[PDB]
């Protein structure tokens, strides 16, 4: 449990300039969890460098359970939808993150199990949706935005005990003794401070 504590300290070292090759600082759990978690109860979980704005890609991988997405997928989505140059957009994501419709576009490239998205909604109506479909889903991405939010992406994953687990890639919000806390995505949304309709969810 100290190896995780030191890995979290590593993600706080912004000495070296941020780049395409160092925005991923490490892993809480490095092995694949497409379905069930490992024997230690943890799902695939990436740790981002504090100064990186790449939360969306790390949450998307926790959503999938493996290292399926990289900067190429999000840059290609931004180039296609808003006309940014592809190379520029790779550097811009490191700085400015990813809008919910870009994430939606990235996850729907993978053909197979469909992803349902609800973008630009209040937390109350998104939580009611998550409660309605709870029994039929096992993974969720929550995009936080609006007043009272810093702008962040979090992933949730359900285990065999039918308990939800919050997978947060921002290293300041990870506690080494409980890195994947037990909290449902619906209740997580009900306790957000924001009062307007700038929240988003993608579930499957």
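Positions refer to the first chain, counted from 1.
Look at the C-alpha B-factors of 162 to 170 and of 145 to 153. On average they run higher in 145 to 153.
Out of 129, 71, 117, 84, it is 84 whose C-alpha atom has the highest B-factor in the PDB entry. Residue 66 sits in the middle third of its chain by CA B factor, as recorded in the PDB entry. In the deposited entry, the Cα temperature factor of residue 113 sits in the top third of values across the chain's modelled residues. Among the modelled residues of its chain, residue 92 has a C-alpha B-factor that falls in the highest third, as given in the PDB entry. Among the modelled residues of its chain, residue 103 has a C-alpha B-factor that falls in the middle third, as given in the PDB entry. Sorting the modelled residues of the chain by their CA temperature factor places residue 26 in the lowest third.
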